[PDB]
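S.K.: Supplied structure: my_file26.csv, CSV, C-alpha atoms.
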chain,number,residue,atom,x,y,z
A,1,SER,CA,160.5,-5.4,-98.5
A,2,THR,CA,157.8,-2.7,-98.6
A,3,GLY,CA,156.3,-0.1,-96.4
A,4,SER,CA,153.0,1.8,-96.3
A,5,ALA,CA,152.1,4.7,-94.1
A,6,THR,CA,149.2,7.1,-93.9
A,7,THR,CA,150.0,10.8,-94.3
A,8,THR,CA,147.6,13.4,-92.8
A,9,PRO,CA,147.2,17.1,-93.4
A,10,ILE,CA,148.3,19.2,-90.4
A,11,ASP,CA,145.4,21.6,-90.6
A,12,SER,CA,142.2,22.5,-92.6
A,13,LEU,CA,144.2,24.1,-95.4
A,14,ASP,CA,146.6,21.2,-96.1
A,15,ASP,CA,149.5,23.5,-95.3
A,16,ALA,CA,151.6,20.3,-94.9
A,17,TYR,CA,151.3,16.6,-94.3
A,18,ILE,CA,152.6,14.5,-91.4
A,19,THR,CA,153.5,10.8,-91.5
A,20,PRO,CA,154.2,8.7,-88.4
A,21,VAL,CA,157.8,7.4,-88.1
A,22,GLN,CA,159.3,5.0,-85.6
A,23,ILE,CA,162.8,5.9,-84.3
A,24,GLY,CA,164.9,3.9,-81.9
A,25,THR,CA,164.5,1.0,-79.6
A,26,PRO,CA,161.9,0.9,-78.0
A,27,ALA,CA,160.2,2.8,-80.8
A,28,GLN,CA,159.7,6.6,-80.4
A,29,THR,CA,157.0,7.6,-82.8
A,30,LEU,CA,157.4,11.1,-84.3
A,31,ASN,CA,155.2,12.8,-86.9
A,32,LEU,CA,157.5,13.9,-89.7
A,33,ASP,CA,157.0,16.1,-92.8
A,34,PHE,CA,158.0,13.9,-95.7
A,35,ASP,CA,159.9,16.3,-98.0
A,36,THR,CA,160.9,15.3,-101.5
A,37,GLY,CA,162.6,18.7,-101.8
A,38,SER,CA,165.3,18.1,-99.1
A,39,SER,CA,167.5,15.3,-97.9
A,40,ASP,CA,167.9,15.5,-94.2
A,41,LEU,CA,166.0,13.4,-91.6
A,42,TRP,CA,165.9,15.7,-88.6
A,43,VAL,CA,163.9,15.7,-85.4
A,44,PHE,CA,163.0,17.7,-82.5
A,45,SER,CA,164.9,16.1,-79.6
A,46,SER,CA,165.9,16.2,-76.0
A,47,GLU,CA,168.8,18.4,-77.2
A,48,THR,CA,166.6,21.1,-78.7
A,49,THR,CA,166.8,24.5,-77.0
A,50,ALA,CA,163.9,24.3,-74.5
A,51,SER,CA,162.4,27.7,-75.4
A,52,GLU,CA,162.2,26.5,-79.0
A,53,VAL,CA,160.1,23.5,-78.3
A,54,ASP,CA,156.3,24.2,-78.0
A,55,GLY,CA,154.2,21.0,-78.2
A,56,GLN,CA,156.3,18.8,-80.5
A,57,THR,CA,157.1,15.2,-79.7
A,58,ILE,CA,160.9,14.8,-79.1
A,59,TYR,CA,163.3,12.1,-79.9
A,60,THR,CA,165.4,11.2,-76.8
A,61,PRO,CA,168.5,9.3,-78.0
A,62,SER,CA,169.6,8.4,-74.5
A,63,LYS,CA,166.4,6.3,-74.2
A,64,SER,CA,167.2,4.3,-77.4
A,65,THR,CA,169.4,1.2,-77.0
A,66,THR,CA,170.2,1.3,-80.7
A,67,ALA,CA,171.2,5.1,-80.8
A,68,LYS,CA,174.8,5.8,-81.5
A,69,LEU,CA,176.3,9.3,-81.6
A,70,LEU,CA,178.0,9.9,-84.9
A,71,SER,CA,181.3,11.4,-83.7
A,72,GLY,CA,182.0,14.9,-84.8
A,73,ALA,CA,179.0,15.1,-87.1
A,74,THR,CA,176.8,18.2,-87.3
A,75,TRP,CA,174.2,19.5,-89.6
A,76,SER,CA,172.6,22.8,-90.5
A,77,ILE,CA,169.9,23.4,-93.1
A,78,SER,CA,168.0,26.4,-94.5
A,79,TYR,CA,164.8,26.1,-96.5
A,80,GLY,CA,163.3,28.0,-99.3
A,81,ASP,CA,160.7,29.6,-97.0
A,82,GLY,CA,163.5,31.0,-94.8
A,83,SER,CA,163.2,28.5,-92.0
A,84,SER,CA,166.2,26.6,-90.6
A,85,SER,CA,167.5,24.1,-88.1
A,86,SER,CA,170.8,22.6,-86.9
A,87,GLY,CA,172.3,20.2,-84.5
A,88,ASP,CA,174.2,16.9,-84.1
A,89,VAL,CA,173.7,13.4,-85.5
A,90,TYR,CA,172.9,9.9,-84.3
A,91,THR,CA,172.5,6.7,-86.2
A,92,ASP,CA,169.5,4.7,-85.1
A,93,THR,CA,166.8,2.3,-86.4
A,94,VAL,CA,164.1,4.0,-88.4
A,95,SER,CA,160.8,2.4,-89.6
A,96,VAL,CA,158.1,3.8,-91.9
A,97,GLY,CA,154.9,1.9,-92.3
A,98,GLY,CA,156.5,-1.5,-91.6
A,99,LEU,CA,159.8,-0.8,-93.5
A,100,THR,CA,162.9,-0.7,-91.3
A,101,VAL,CA,166.3,0.8,-91.9
A,102,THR,CA,169.1,0.2,-89.4
A,103,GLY,CA,171.9,2.7,-89.1
A,104,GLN,CA,169.8,5.6,-90.4
A,105,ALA,CA,171.3,9.1,-89.8
A,106,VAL,CA,168.8,10.8,-87.4
A,107,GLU,CA,169.7,14.5,-87.2
A,108,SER,CA,169.0,15.8,-83.7
A,109,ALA,CA,168.1,19.5,-83.5
A,110,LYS,CA,169.8,21.7,-81.1
A,111,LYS,CA,168.3,24.8,-82.7
A,112,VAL,CA,165.2,25.4,-84.8
A,113,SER,CA,163.8,28.6,-86.3
A,114,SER,CA,160.6,30.2,-85.1
A,115,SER,CA,158.3,28.8,-87.8
A,116,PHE,CA,159.2,25.2,-86.7
A,117,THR,CA,158.7,26.1,-83.0
A,118,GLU,CA,155.3,27.6,-83.9
A,119,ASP,CA,154.1,24.5,-85.6
A,120,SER,CA,153.4,22.0,-82.8
A,121,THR,CA,152.2,19.3,-85.3
A,122,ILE,CA,155.5,18.8,-87.1
A,123,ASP,CA,158.1,16.9,-85.1
A,124,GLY,CA,160.8,17.0,-87.8
A,125,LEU,CA,161.4,16.3,-91.5
A,126,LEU,CA,162.2,13.2,-93.5
A,127,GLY,CA,164.0,14.2,-96.7
A,128,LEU,CA,163.3,12.2,-99.9
A,129,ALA,CA,165.3,14.2,-102.4
A,130,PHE,CA,168.8,13.0,-103.5
A,131,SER,CA,171.4,12.4,-100.9
A,132,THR,CA,173.8,14.8,-102.6
A,133,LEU,CA,171.8,17.6,-100.8
A,134,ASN,CA,172.3,16.1,-97.3
A,135,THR,CA,173.9,18.7,-95.0
A,136,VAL,CA,175.7,16.5,-92.5
A,137,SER,CA,179.3,17.5,-92.1
A,138,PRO,CA,182.1,16.4,-92.4
A,139,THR,CA,180.6,13.1,-93.7
A,140,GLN,CA,177.5,13.4,-95.8
A,141,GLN,CA,174.7,10.9,-94.9
A,142,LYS,CA,172.1,9.1,-97.0
A,143,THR,CA,168.3,9.5,-97.0
A,144,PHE,CA,165.9,6.9,-95.6
A,145,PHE,CA,165.0,6.0,-99.2
A,146,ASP,CA,168.6,5.7,-100.3
A,147,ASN,CA,169.3,3.4,-97.4
A,148,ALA,CA,166.2,1.3,-98.0
A,149,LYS,CA,166.4,1.1,-101.7
A,150,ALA,CA,168.3,-2.1,-102.3
A,151,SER,CA,166.0,-4.0,-99.9
A,152,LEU,CA,162.8,-2.8,-101.6
A,153,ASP,CA,160.9,-5.0,-103.9
A,154,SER,CA,161.1,-2.2,-106.4
A,155,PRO,CA,163.3,0.9,-106.0
A,156,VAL,CA,160.4,3.4,-105.8
A,157,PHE,CA,158.3,5.3,-103.4
A,158,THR,CA,154.9,6.9,-104.1
A,159,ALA,CA,153.1,10.0,-102.8
A,160,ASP,CA,149.3,9.9,-102.7
A,161,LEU,CA,148.4,13.1,-100.9
A,162,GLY,CA,144.8,13.8,-100.0
A,163,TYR,CA,142.8,17.0,-100.5
A,164,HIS,CA,141.4,17.7,-97.0
A,165,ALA,CA,141.8,14.0,-96.3
A,166,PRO,CA,144.4,11.4,-95.4
A,167,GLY,CA,146.6,9.9,-98.1
A,168,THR,CA,149.5,7.4,-98.3
A,169,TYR,CA,153.3,7.1,-98.8
A,170,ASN,CA,154.3,3.7,-100.1
A,171,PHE,CA,157.8,2.3,-100.4
A,172,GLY,CA,158.8,-0.5,-102.7
A,173,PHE,CA,155.7,-1.0,-104.7
A,174,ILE,CA,153.1,0.7,-106.8
A,175,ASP,CA,149.5,0.3,-105.6
A,176,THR,CA,147.6,-0.2,-108.9
A,177,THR,CA,144.3,0.4,-107.1
A,178,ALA,CA,145.3,3.9,-106.1
A,179,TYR,CA,145.0,5.6,-109.4
A,180,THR,CA,142.9,5.8,-112.6
A,181,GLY,CA,144.1,5.3,-116.1
A,182,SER,CA,147.9,4.8,-116.6
A,183,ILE,CA,151.0,6.3,-115.0
A,184,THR,CA,152.9,8.6,-117.4
A,185,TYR,CA,156.6,8.6,-116.8
A,186,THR,CA,158.8,11.6,-117.5
A,187,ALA,CA,162.5,12.3,-117.3
A,188,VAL,CA,164.3,13.6,-114.2
A,189,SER,CA,167.4,15.6,-113.8
A,190,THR,CA,169.3,15.0,-110.5
A,191,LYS,CA,171.8,17.8,-111.3
A,192,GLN,CA,170.4,20.1,-108.5
A,193,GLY,CA,169.7,17.2,-106.1
A,194,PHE,CA,165.9,17.5,-106.7
A,195,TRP,CA,163.2,15.4,-108.4
A,196,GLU,CA,163.5,17.9,-111.3
A,197,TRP,CA,161.3,17.4,-114.4
A,198,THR,CA,159.8,19.3,-117.3
A,199,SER,CA,156.1,19.8,-117.6
A,200,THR,CA,154.8,20.0,-121.2
A,201,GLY,CA,152.4,22.9,-120.5
A,202,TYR,CA,149.2,24.0,-118.9
A,203,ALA,CA,145.5,25.1,-119.2
A,204,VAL,CA,143.3,27.3,-117.1
A,205,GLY,CA,139.8,26.1,-116.5
A,206,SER,CA,138.2,24.9,-119.7
A,207,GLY,CA,140.7,26.9,-121.7
A,208,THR,CA,142.9,25.5,-124.5
A,209,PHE,CA,146.1,23.8,-123.5
A,210,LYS,CA,149.3,25.8,-124.0
A,211,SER,CA,152.3,23.7,-125.0
A,212,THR,CA,155.3,25.1,-123.2
A,213,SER,CA,158.2,23.6,-121.3
A,214,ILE,CA,158.1,24.3,-117.6
A,215,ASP,CA,161.1,23.0,-115.7
A,216,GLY,CA,160.4,22.5,-112.0
A,217,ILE,CA,160.7,20.1,-109.0
A,218,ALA,CA,158.2,17.7,-107.4
A,219,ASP,CA,158.3,18.9,-103.8
A,220,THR,CA,156.0,17.4,-101.2
A,221,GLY,CA,157.5,19.8,-98.6
A,222,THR,CA,156.2,22.9,-100.4
A,223,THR,CA,152.5,23.7,-99.9
A,224,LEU,CA,151.8,25.7,-103.0
A,225,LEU,CA,152.3,25.6,-106.8
A,226,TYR,CA,155.0,28.1,-107.9
A,227,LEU,CA,155.1,28.7,-111.6
A,228,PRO,CA,156.4,31.4,-114.0
A,229,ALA,CA,154.8,34.8,-113.8
A,230,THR,CA,153.3,34.6,-117.3
A,231,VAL,CA,151.5,31.3,-116.3
A,232,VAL,CA,150.3,32.6,-113.0
A,233,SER,CA,149.1,35.9,-114.5
A,234,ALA,CA,147.1,33.9,-117.0
A,235,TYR,CA,145.5,31.8,-114.3
A,236,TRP,CA,144.5,34.7,-111.9
A,237,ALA,CA,143.2,36.7,-114.9
A,238,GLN,CA,140.3,34.3,-115.0
A,239,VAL,CA,139.3,35.1,-111.4
A,240,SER,CA,137.2,38.3,-111.0
A,241,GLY,CA,138.8,40.6,-108.5
A,242,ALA,CA,142.1,38.7,-108.2
A,243,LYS,CA,145.2,40.7,-107.8
A,244,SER,CA,148.9,40.4,-106.8
A,245,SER,CA,149.4,42.0,-103.4
A,246,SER,CA,152.9,43.0,-102.4
A,247,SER,CA,151.7,43.6,-98.8
A,248,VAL,CA,150.2,40.1,-98.5
A,249,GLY,CA,153.0,38.5,-100.6
A,250,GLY,CA,151.2,37.0,-103.5
A,251,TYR,CA,148.0,36.7,-105.4
A,252,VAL,CA,144.8,37.1,-103.4
A,253,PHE,CA,141.2,36.8,-104.6
A,254,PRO,CA,137.7,37.5,-103.2
A,255,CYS,CA,136.7,34.6,-101.0
A,256,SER,CA,133.3,34.6,-102.7
A,257,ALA,CA,134.9,33.5,-106.0
A,258,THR,CA,134.6,30.1,-107.6
A,259,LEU,CA,138.2,29.2,-108.8
A,260,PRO,CA,138.9,27.6,-112.2
A,261,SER,CA,140.8,24.4,-112.3
A,262,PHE,CA,144.4,24.3,-113.5
A,263,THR,CA,145.8,21.6,-115.7
A,264,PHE,CA,149.5,20.7,-116.1
A,265,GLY,CA,151.0,18.4,-118.7
A,266,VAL,CA,153.1,15.3,-118.1
A,267,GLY,CA,154.2,14.3,-121.5
A,268,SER,CA,151.0,13.8,-123.5
A,269,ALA,CA,149.0,13.3,-120.3
A,270,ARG,CA,147.2,15.9,-118.2
A,271,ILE,CA,146.7,16.3,-114.5
A,272,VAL,CA,143.7,18.5,-113.5
A,273,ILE,CA,143.9,20.5,-110.2
A,274,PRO,CA,140.4,21.3,-109.1
A,275,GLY,CA,139.8,25.0,-108.4
A,276,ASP,CA,139.0,24.2,-104.7
A,277,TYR,CA,142.6,23.0,-104.3
A,278,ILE,CA,143.8,26.5,-105.1
A,279,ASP,CA,141.9,28.2,-102.2
A,280,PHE,CA,144.0,28.7,-99.1
A,281,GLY,CA,141.4,30.7,-97.3
A,282,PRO,CA,141.3,34.2,-95.7
A,283,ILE,CA,144.6,36.1,-95.6
A,284,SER,CA,143.8,36.8,-91.9
A,285,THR,CA,141.1,35.6,-89.6
A,286,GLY,CA,137.8,37.1,-90.6
A,287,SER,CA,139.0,38.6,-93.9
A,288,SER,CA,137.0,38.3,-97.2
A,289,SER,CA,140.3,38.3,-99.1
A,290,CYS,CA,141.6,34.8,-99.7
A,291,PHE,CA,145.1,33.6,-100.5
A,292,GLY,CA,145.9,31.9,-103.8
A,293,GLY,CA,147.4,28.4,-104.1
A,294,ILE,CA,149.2,29.2,-107.4
A,295,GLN,CA,151.9,31.8,-107.0
A,296,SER,CA,154.8,33.2,-109.0
A,297,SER,CA,158.2,31.5,-108.9
A,298,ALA,CA,159.9,34.8,-110.0
A,299,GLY,CA,162.7,35.3,-107.6
A,300,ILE,CA,162.5,31.8,-106.2
A,301,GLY,CA,164.7,30.8,-109.0
A,302,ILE,CA,162.9,27.5,-109.6
A,303,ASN,CA,159.4,26.3,-110.3
A,304,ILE,CA,157.9,24.1,-107.6
A,305,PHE,CA,155.2,21.5,-108.1
A,306,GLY,CA,154.2,21.5,-104.4
A,307,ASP,CA,151.3,19.9,-102.6
A,308,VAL,CA,148.6,21.8,-104.6
A,309,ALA,CA,149.8,20.1,-107.7
A,310,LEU,CA,151.0,16.7,-106.3
A,311,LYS,CA,147.8,16.1,-104.3
A,312,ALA,CA,145.9,16.1,-107.6
A,313,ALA,CA,147.9,13.0,-108.7
A,314,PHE,CA,149.3,9.7,-107.8
A,315,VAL,CA,153.1,10.3,-108.0
A,316,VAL,CA,155.8,7.7,-108.5
A,317,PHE,CA,159.3,8.6,-107.4
A,318,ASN,CA,161.3,6.1,-109.3
A,319,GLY,CA,164.8,5.6,-107.9
A,320,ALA,CA,166.0,3.2,-110.6
A,321,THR,CA,169.6,3.7,-111.8
A,322,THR,CA,168.2,6.4,-114.1
A,323,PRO,CA,165.5,8.1,-111.9
A,324,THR,CA,162.2,9.1,-113.4
A,325,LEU,CA,158.9,10.5,-112.2
A,326,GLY,CA,155.4,9.0,-112.8
A,327,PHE,CA,152.1,10.8,-112.7
A,328,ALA,CA,148.6,9.4,-112.8
A,329,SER,CA,145.2,10.8,-112.2
A,330,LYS,CA,143.2,9.4,-109.3
Could you take the file, read its structure, and then write that structure out as structure tokens?
M.R.:
Amino acid sequence: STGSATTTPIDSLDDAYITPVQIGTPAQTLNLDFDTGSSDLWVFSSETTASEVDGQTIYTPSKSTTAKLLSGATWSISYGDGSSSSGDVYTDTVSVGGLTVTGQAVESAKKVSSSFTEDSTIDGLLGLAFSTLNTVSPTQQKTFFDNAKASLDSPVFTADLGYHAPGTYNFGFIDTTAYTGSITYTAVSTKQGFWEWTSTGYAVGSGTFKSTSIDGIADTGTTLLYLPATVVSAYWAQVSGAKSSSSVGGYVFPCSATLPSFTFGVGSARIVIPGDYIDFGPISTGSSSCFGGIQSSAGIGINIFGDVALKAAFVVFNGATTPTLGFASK
């Protein structure tokens, strides 16, 4: 089997991407944030504290003839950006782009933190990291991908995120028309539950490539590119007027600037992030100070190849017995 679904930016800055997902019988379609940095499939639901729902589409398990409450199971998750959610668990039928899993754990939110409430466009998350990170207790549950894997033509899914445009998540096959040149594969550590890999270095604009190992995770659920302070300093040094602002919470730059590109290494291959991808617009409405899309990972504790990086590539998440990551230009 295979599946193929279109993923769409939630706003004009590509702050996140939503992908339609069918849950239950008859189908209830929710727009979920596919997140290769976590492993819970959770949804706004009929059980969510009413004051914490503001425009989201909810899953109502009582209206699904295939929904079954998973007795005694609960979940609770906290994300790197400080957001959180919790609730109970059903199993139900879940389909993505034509690909169907029966008995998928669907984590129904009773509580969500303010940032989820405030984002009416995201109805929940669909985790695609490794199932070892799944928070369901007392019996940990598997991800959609994990459940689908054995049925797939090939045990892979791919992320093809667009810049200010729709893109695609494919399951079970590699669309050879979706990228240019070849796919370079690179080793993955699953030790922390992430799609963790080591970049071979970077360049800023037309500058020479610096060979240096940068360990980080491929994380579709993180907006920005978080890299070591040395790297980030070298990037923003090429932007006139750029500075790190503690009050704003990262590097800012004059909105009139033309940003240089940023290149990262995948083995001997190179992925080029155009400068425009690194512009996240005015820090506040009407400001001529703009927020940078490359930020320091110091005090995150891990480097994160988020959407800013991944949307410059066609990315293969290879779930073979020994997982690997593939990157191609496009």
S.K.: Counting only C-alpha atoms, what is within 9 Å of stretch 180-182 of chain A, bar same-chain residues fewer than 5 positions away, as a ChimeraX atom specification?
M.R.: /A:314,327-330
S.K.: Counting all atoms listed in the file, note down every residue that has an atom within 12 Å of the point (168.4, 26.2, -96.0) (file coordinates), as a list in words.
M.R.: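 Those residues lying close to the given coordinates are residues 37, 38, 39, 40, 75, 76, 77, 78, 79, 80, 81, 82, 83, 84, 85, 86, 112, 113, 133, 134 and 135 of chain A.
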S.K.: Env of stretch 163-176 of chain A: 6 Å cut, atoms = only C-alpha atoms, seq-sep filter 2 positions within chain, self excluded. Answer as a JSON list (two decimals) with C-alpha atoms, keeping the file's coordinate frame.
M.R.:
[["chain", "number", "residue", "atom", "x", "y", "z"],
["A", 2, "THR", "CA", 157.80, -2.70, -98.60],
["A", 3, "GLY", "CA", 156.30, -0.10, -96.40],
["A", 4, "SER", "CA", 153.00, 1.80, -96.30],
["A", 5, "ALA", "CA", 152.10, 4.70, -94.10],
["A", 6, "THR", "CA", 149.20, 7.10, -93.90],
["A", 7, "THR", "CA", 150.00, 10.80, -94.30],
["A", 8, "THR", "CA", 147.60, 13.40, -92.80],
["A", 152, "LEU", "CA", 162.80, -2.80, -101.60],
["A", 153, "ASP", "CA", 160.90, -5.00, -103.90],
["A", 154, "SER", "CA", 161.10, -2.20, -106.40],
["A", 155, "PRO", "CA", 163.30, 0.90, -106.00],
["A", 156, "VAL", "CA", 160.40, 3.40, -105.80],
["A", 157, "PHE", "CA", 158.30, 5.30, -103.40],
["A", 158, "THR", "CA", 154.90, 6.90, -104.10],
["A", 159, "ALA", "CA", 153.10, 10.00, -102.80],
["A", 160, "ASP", "CA", 149.30, 9.90, -102.70],
["A", 161, "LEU", "CA", 148.40, 13.10, -100.90],
["A", 178, "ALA", "CA", 145.30, 3.90, -106.10]]
S.K.: Quick one: residues within 10 Å of residue A:111, all atoms listed in the file counted, chain neighbours fewer than 3 positions away excluded, as number ranges by chain?
M.R.: A: 44-45, 47-53, 76, 84-88, 108, 114, 116-117
S.K.: Report as a PDB file with C-alpha atoms, in the frame of the given file all protein, DNA and RNA residues lying within 8 Å of residue A:214, evaluated on all atoms listed in the file, omitting residues in the same chain fewer than 3 positions from it.
M.R.:
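Output file result-v1.pdb follows:
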ATOM      1  CA  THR A 198     159.800  19.300-117.300  1.00  0.00           C
ATOM      2  CA  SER A 199     156.100  19.800-117.600  1.00  0.00           C
ATOM      3  CA  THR A 200     154.800  20.000-121.200  1.00  0.00           C
ATOM      4  CA  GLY A 201     152.400  22.900-120.500  1.00  0.00           C
ATOM      5  CA  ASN A 303     159.400  26.300-110.300  1.00  0.00           C
TER       6      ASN A 303
END
S.K.: One decimal, in Å: what's the spacing between atom CA of residue A:120 and atom CA of residue A:9?
M.R.: 13.2 Å
S.K.: Return the single residue from A:162, A:20, A:97, A:61 that is closest to residue A:310, with distances computed using all atoms listed in the file.
M.R.: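 Looking at the shortest contact to residue A:310, the residue is A:162.
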S.K.: Compare A:10, A:187, A:122, A:204 by their minimum atom-to-atom distance to residue A:55, counting all atoms listed in the file, and give me the closest one.
M.R.: A:122
S.K.: Enter the distance from atom CA of residue A:290 to atom CA of residue A:206, in Å, rounded to one decimal.
M.R.: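 Straight-line distance from atom CA of residue A:290 to atom CA of residue A:206 works out to 22.6 Å.
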S.K.: Could you list, as a ChimeraX atom specification, every residue within 8 Å of residue A:193, counting all atoms listed in the file and ignoring same-chain residues fewer than 4 positions away?
M.R.: /A:129-133
S.K.: What separation in Å, quoted to one decimal, exists between atom CA of residue A:126 and atom CA of residue A:34?
M.R.: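 Between these atoms lies a distance of 4.8 Å.
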S.K.: With distances taken over all atoms listed in the file, which residue among A:247, A:22, A:213, A:184 lies nearest residue A:104?
M.R.: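 The answer is A:22, which sits nearest to residue A:104.
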S.K.: When distances are computed from only C-alpha atoms, which of A:265, A:124, A:24, A:326 shows the smallest separation from residue A:93?
M.R.: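 Ranking A:265, A:124, A:24, A:326 by distance to residue A:93, first place goes to A:24.
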S.K.: So which residues are close to (132.3, 29.7, -108.4), meaning at most 10 Å away in the file's coordinates with only C-alpha atoms counted, and can you show them as a ChimeraX atom specification?
M.R.: /A:239,255-260,275-276
S.K.: I need the chosen residues saved as a compact mmCIF listing (two decimals), in the coordinates of the input, with C-alpha atoms.
M.R.:
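Result saved to again-v5.txt:
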# COMPACT_ATOMS: atom_id res chain seq x y z
CA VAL A 239 139.30 35.10 -111.40
CA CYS A 255 136.70 34.60 -101.00
CA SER A 256 133.30 34.60 -102.70
CA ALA A 257 134.90 33.50 -106.00
CA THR A 258 134.60 30.10 -107.60
CA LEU A 259 138.20 29.20 -108.80
CA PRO A 260 138.90 27.60 -112.20
CA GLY A 275 139.80 25.00 -108.40
CA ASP A 276 139.00 24.20 -104.70
S.K.: My list of candidates is A:197, A:191, A:293, A:270. Which is closest to residue A:209 when distances are computed with all atoms listed in the file?
M.R.: A:270
S.K.: Using all atoms listed in the file, find the one residue out of A:238, A:65, A:1, A:262 that sits nearest to residue A:27.
M.R.: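 Residue with the minimum atom-to-atom distance to residue A:27: A:65.
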